[PDB]
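When we follow the deposited numbering, the leftmost residue of the sequence shown carries the number 11, and every step to the right adds one.
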Amino acid sequence: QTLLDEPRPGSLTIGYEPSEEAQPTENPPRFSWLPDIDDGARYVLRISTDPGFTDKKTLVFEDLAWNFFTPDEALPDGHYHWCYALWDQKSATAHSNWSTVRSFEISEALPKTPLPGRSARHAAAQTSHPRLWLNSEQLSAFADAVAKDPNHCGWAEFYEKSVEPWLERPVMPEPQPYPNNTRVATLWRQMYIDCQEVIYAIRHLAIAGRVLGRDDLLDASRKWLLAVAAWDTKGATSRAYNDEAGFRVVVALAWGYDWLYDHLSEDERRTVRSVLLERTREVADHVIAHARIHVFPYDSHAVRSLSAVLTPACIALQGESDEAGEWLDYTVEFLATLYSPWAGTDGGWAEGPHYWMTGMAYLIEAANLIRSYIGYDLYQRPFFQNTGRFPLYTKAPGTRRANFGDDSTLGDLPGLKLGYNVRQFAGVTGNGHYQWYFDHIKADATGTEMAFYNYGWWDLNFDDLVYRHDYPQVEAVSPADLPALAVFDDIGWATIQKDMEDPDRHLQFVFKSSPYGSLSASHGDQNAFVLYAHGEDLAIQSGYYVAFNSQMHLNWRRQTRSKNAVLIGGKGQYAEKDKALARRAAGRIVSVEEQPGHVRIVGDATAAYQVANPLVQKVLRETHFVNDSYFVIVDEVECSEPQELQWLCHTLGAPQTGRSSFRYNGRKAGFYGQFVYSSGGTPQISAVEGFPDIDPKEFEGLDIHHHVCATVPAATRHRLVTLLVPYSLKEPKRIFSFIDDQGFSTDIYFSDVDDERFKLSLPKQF
Ligand SMILES: O=C(O)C1=C[C@H](O)[C@H](O)[C@H](O[C@H]2[C@H](O)[C@H](O)[C@H](O[C@H]3[C@H](O)[C@H](O)[C@H](O)O[C@H]3C(=O)O)O[C@H]2C(=O)O)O1
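1) Can the beta-carbon of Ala216 be found closer than 8 Å to that of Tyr383?
2) How many Å lie between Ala264 and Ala255 at the Cα?
3) Give the list of continuous alpha helix (DSSP H) stretches no shorter than 4 residues that lie fully inside the stretch 141–192.
4) So the candidates are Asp295, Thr570, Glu278; which of them puts its Cα closest to the Cα of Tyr340?
5) What are the start and end residues of each continuous alpha helix (DSSP H) run of 4 or more residues lying completely inside the stretch 378–406, in chain order?
6) Per DSSP, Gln656 is paired with what?
7) With C-beta atoms as the reference, is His364 less than 8 Å away from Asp417?
8) Just mark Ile749 as buried or exposed, buried being the case when its beta carbon has 16 or more other beta carbons within 10 Å.
9) Whole angstroms is fine: what's the gap from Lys743's alpha carbon to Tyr737's?
10) Spatial neighbours of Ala301 within its chain, please: CB distance less than 6 Å, with the 5 preceding and 5 following residues excluded, ordered by chain position.
11) Answer with buried or exposed for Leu517, where buried requires no fewer than 16 other C-beta atoms within 10 angstroms of its C-beta.
12) Considering only the alpha carbon of each residue, which of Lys67, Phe635, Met460 lies closest to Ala494?
13) Grab the span of the beta strand (DSSP E) containing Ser747 for me, first residue to last.
14) Going by C-alpha distance, which of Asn161, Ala153, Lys452, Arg283 is nearest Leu222?
15) For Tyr463, which three-state DSSP category applies?
16) Please state whether the Cβ-Cβ distance between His273 and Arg232 is less than 8 Å.
17) Output the boundary residues of the alpha helix (DSSP H) element that contains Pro322.
18) Between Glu83, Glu710, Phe78, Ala84, which has its C-alpha nearest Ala95's C-alpha?
19) List, from N- to C-terminal side, the beta strand (DSSP E) runs of 3 residues or more that fit wholly inside the stretch 504–528.
20) Any chance you could list the residues with Cβ under 5 Å from a heavy atom of ligand 3, keeping chain order?
21) Check the DSSP bridge columns for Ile374 and list the partner residues they point to.
22) Name the residue from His533, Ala595, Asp226 whose alpha carbon lies nearest to the alpha carbon of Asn565.
23) What is the DSSP secondary structure of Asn675, counted as helix, strand or coil?
24) Starting from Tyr267 and walking both ways along the alpha helix (DSSP H), at which residues does that stretch end?
25) Would the stretch 508–517 and the stretch 587–606 be scored as touching if the rule is three or more Cβ pairs under 8 Å?
26) Where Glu276 and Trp446 are concerned, what is the direct C-alpha to C-alpha distance, given to the nearest angstrom?
27) Report the residue from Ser29, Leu388, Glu292, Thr281 whose alpha carbon sits nearest the alpha carbon of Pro121.
28) Which runs of the alpha helix (DSSP H) at least 4 residues long sit entirely within the stretch 578–603? Give them in chain order.
29) May I ask you to report which of helix, strand or coil DSSP gives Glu330?
30) With distances taken from CA atoms, which of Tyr554, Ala622, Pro45 is nearest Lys581?
31) Residue ranges of each beta strand (DSSP E) run of no fewer than 3 residues wholly in the stretch 33–88, ordered along the chain?
32) Identify whether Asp454 lies in helix, strand or coil by the three-state DSSP scheme.
33) Reducing DSSP to helix, strand and coil, say where residue 4 ends up.
34) Taking DSSP as the reference, what is the three-state secondary structure of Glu632?
35) Closest to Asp500 by C-alpha separation, out of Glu118, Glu741, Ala32, would be which residue?
36) List in chain order: all unbroken alpha helix (DSSP H) runs of 4+ residues lying wholly within the stretch 407–454.
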């Protein structure tokens with residue numbers, strides 16, 4: 011009987027769940043632990059209300075292939091205890107000391123979301139092709155329906171634009187390797203787009219052929235499928251060379267193989283399955299064995315490739331490989347148990363909404379396919395119940411620069427897929443605000459389908475068909491009753507929405523101080539804010555996407571100097587490629603407090619600044635939303651030494667600067683900021699043009715943004731207070747302030763022209 015290794019968790023590993031430190035949000039709980047030393051090992055899990063773990067009251071789960079698990083039945087309410095051990099398969103017995111006992115509590119309030127076991131899952135799975143989206147009877151049923159009404163679920167609209175143009179198009183030549191094997195943005199993007207079109211051709215032609223009973227469309231689909239199965243698996247389009255191209259090729263193969271299964275000949279099936287299996291193997295290895303996301307979960311493309319690649323492929327391949335059976339099980343068990351590391355059940359997505367767009371787009375697909383293949387519904391999990399509200403409060407219709415993180419679209423109106431995603435969650439939740447969002451996004455963004463981040467990723471005519479065939483037709487509800495404030499505690503994101511339905515009065519505000527630091531898609535932007543008020547973008551996310559690994563990306567957008575945030579001694583929060591440091595350079599939402607006409611968020615970004623500057627000791631920002639009109643921002647910095655303080659805000663146009671203020675006027679809206687109190691002395695205020703140090707070529711023929719730079723002279727103690735008053739340009743607003751400093755605390759009294767007052771009571775220590 012061996013000793014069990016119970017390693018101490020790390021910042022970039024999974025944790026031990028559930029515990030007193032992390033109560034379960036689902037019934038039955040999601041169980042994860044860090045693996046034993048013996049990389050080839052199987053586990054046994056004990057659960058009991060009895061702290062002594064007696065037979066009568068212990069549930070036992072044996073032969074657990076993985077170091078994470080979800081039981082197939084919910085638990086009765088009460089106080090629980092659990093522990094795990096090594097399990098010897100042949101001897102059918104535990105063969106190591108049991109783990110530390112951890113405790114958790116079950117209540118009736120917790121969603122009941124069991125995961126059907128492998129036996130169940132395998133037995134409910136169909137064995138005949140097709141399997142993806144529709145099965146054999148569903149196809150026949152649907153085909154009869156199309157014969158009766160050619161516009162069923164919008165079929166002919168799909169046919170007209172997503173099927174027909176493929177008939178007159180030459181089969182996509184196999185993409186070439188990059189000149190010198192040096193990844194170039196242009197060639198990398200084009201290459202994955204090339205492969206995306208191949209998904210479209212194969213998948214749409216095949217579906218059409220079989221829905222319409224048309225041998226000529228299957229032949230067109232086959233011609234594409236075979237040309238592709240013939241591409242070099244170790245060539246350019248490998249996971250290794252360009253995983254974006256790679257992912258896509260697999261998907262196409264999966265669909266062609268699944269829907270042309272009967273149309274292919276003996277060889278053609280074997281030629282295809284052969285090429286499909288090997289390509290899927292590259293991904294499956296990378297995800298399970300290489301990155302090992304059940305240990306190191308913070309891998310963007312790996313996590314994503316679960317739904318985007320593994321799900322369609324493993325379903326295609328079932329019964330034709332025991333590896334695929336294993337891979338599917340991992341994929342389903344992961345999505346049910348550990349998905350997603352970028353989120354908690356609050357619905358927020360740490361990578362930002364834009365990554366939420368892609369991450370969900372694919373999950374939806376996998377969620378759907380899974381539902382359709384084996385009946386299991388991931389949508390019942392709290393996170394998916396709630397996640398629809400994330401783009402609602404962060405990518406609200408009309409907003410261009412009012413959120414955070416890497417954004418391919420930065421500057422455009424919110425992307426179509428955000429709408430389309432939300433509608434899916436509408437369909438699942440019955441929430442009409444979601445259906446409102448879809449409508450308005452879809453409308454504001456028509457004619458946009460052909461942009462690289464849309465065409466290169468999804469076909470909306472297809473996503474539309476899938477939805478309309480599978481889901482109810484939810485009604486829109488005016489977002490007027492939507493609560494102003496939504497806090498996303500699991501990621502450290504606070505948002506405010508006002509009058510979302512009114513383009514003159516619509517306000518979007520988000521403040522972010524995140525325990526994810528500048529890891530993956532996040533930037534060095536803890537204690538940062540963005541402000542879209544009165545129907546315009548005022549305090550913006552600055553710069554352009556340009557390309558991943560551009561200078562604009564790495565030395566501007568990733569950096570604090572591009573945020574609405576402070577600099578300390580001219581230094582910002584760590585935003586380089588080392589992810590341990592990145593995750594260490596974090597902040598958090600200390601507290602949120604709400605009462606009529608006064609919201610207050612407090613963020614601690616102390617760690618974030620410390621990583622690059624050991625002199626920093628305390629970094630607090632308070633943000634006040636006063637009487638649904640204006641903002642008071644409090645910055646409190648303590649160092650071990652005099653350190654200069656720098657306050658930044660970013661705008662599209664040039665800002666005008668006062669002795670202790672600044673003013674920006676956009677096209678229909680403007681705002682001003684006044685530094686009313688600064689314990690470190692009066693700040694010198696500069697307006698900076700452009701993007702210093704950023705290669706002028708990367709934004710050539712684009713509009714240069716501006717930013718203000720309020721600089722307080724060196725001090726070991728900073729207490730800065732900034733009044734922010736946004737306004738409709740038609741109706742400019744002014745707040746008056748008064749300082750009652752003398753005393754234990756420094757008091758500041760604000761009021762408007764109708765003498766409605768606000769009291770800021772600020773202690774002198776923090
Ligand atoms: O560049 C695009 O055309 C693009 C379109 C999509 O809208 C999406 O925003 C896409 O984002 C991906 C990006 O191109 C890179 O692949 C990047 O990959 C990184 C990865 O996600 C992770 O952060 C880690 O640091 O590795 C990176 C890498 O060098 O590959 O992000 C992609 C993503 O996962 O969204 O950009």
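By construction, the Cβ of each residue, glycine as well, lies at the ideal position given by its N, Cα and C atoms.
Straight from the coordinates:
1) no
2) 15 Å
3) 146–158, 165–168
4) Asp295
5) 392–396, 399–404
6) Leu577, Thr721
7) yes
8) exposed
9) 6 Å
10) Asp309, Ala312
11) buried
12) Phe635
13) 746–750
14) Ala153
15) helix
16) yes
17) 321–327
18) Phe78
19) 517–522
20) As for ligand 3, it is missing from this structure, which binds only ligand 1.
21) Looking at the DSSP assignment, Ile374 forms no beta bridge with any residue, so it has no partner.
22) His533
23) strand
24) 249–269
25) no
26) 50 Å
27) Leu388
28) 589–594
29) coil
30) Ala622
31) 52–58, 68–74
32) helix
33) Absent from the model: residue 4. The displayed extent of the chain is 11 to 776, so no value can be given.
34) strand
35) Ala32
36) 426–439, 442–454
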